[PDB]
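As structure tokens, the structure follows; a few thoughts come after it.
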2 protein chains.
Amino acid sequence: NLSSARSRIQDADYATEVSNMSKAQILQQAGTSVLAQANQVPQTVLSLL
Amino acid sequence: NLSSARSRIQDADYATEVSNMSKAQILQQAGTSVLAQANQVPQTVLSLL
């Protein structure tokens, strides 16, 4: 019973953790892509001179 | 008569404990198998990664 009680507050719900890991990977790739497109925002300025 | 009384109080009627032996053996095999399946219960975690 005490081992189960320790588990209830200690170990990881691997379904939820895997879901969070996949979600965080999606956010990482989306963030680096949107940051890449953010870096060329001032390039439009470097057209008129 | 006293040997009879000692038989009633001390000796074991083999039918009962033979039945108990059979029940215990079947319980042993069933418990080993159930423990086995409990051991592969967490293998389902190694399906999502």
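Simple scheme: letters A, B, ... for chains in structure tokens order, numbers from 1 for residues in each chain, numbers from 1 for ligands in the order shown.
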
Inset, instruction - Could you please write out, as a PyMOL selection string, every residue of chain A that DSSP assigns to helix (DSSP H, G or I)? - result: chain A and resi 2-10+14-39+42-44

Inset, instruction - Taking only C-alpha atoms into account, report as a PyMOL selection string which residues of chain A lie within 12 Å of chain B. - result: chain A and resi 12-22

Could you please take those selected residues and save C-alpha atoms as an mmCIF file, in the first residue's frame?
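The resulting file, again_27.cif, is reproduced below:
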```
data_model
loop_
_atom_site.group_PDB
_atom_site.id
_atom_site.type_symbol
_atom_site.label_atom_id
_atom_site.label_comp_id
_atom_site.auth_asym_id
_atom_site.auth_seq_id
_atom_site.Cartn_x
_atom_site.Cartn_y
_atom_site.Cartn_z
ATOM 1 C CA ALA A 12 5.435 9.724 -14.142
ATOM 2 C CA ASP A 13 2.248 9.038 -16.085
ATOM 3 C CA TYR A 14 4.142 8.049 -19.220
ATOM 4 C CA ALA A 15 1.136 8.661 -21.464
ATOM 5 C CA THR A 16 0.907 12.283 -20.322
ATOM 6 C CA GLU A 17 4.684 12.776 -20.352
ATOM 7 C CA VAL A 18 5.011 11.399 -23.888
ATOM 8 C CA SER A 19 2.144 13.640 -24.990
ATOM 9 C CA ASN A 20 3.868 16.656 -23.430
ATOM 10 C CA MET A 21 7.198 15.732 -25.032
ATOM 11 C CA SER A 22 5.609 15.455 -28.476
#
```

Legend entry - Cα RMSD of chain B after least-squares fit onto chain A, all atoms paired in order: 0.4 Å

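As for atom CA of residue 28 of chain A and atom CA of residue 43 of chain A, they are spaced 23.9 Å apart.
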
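Our summary of the geometry notes that atom CA of residue 8 of chain A is positioned 15.8 Å from atom CA of residue 42 of chain B.
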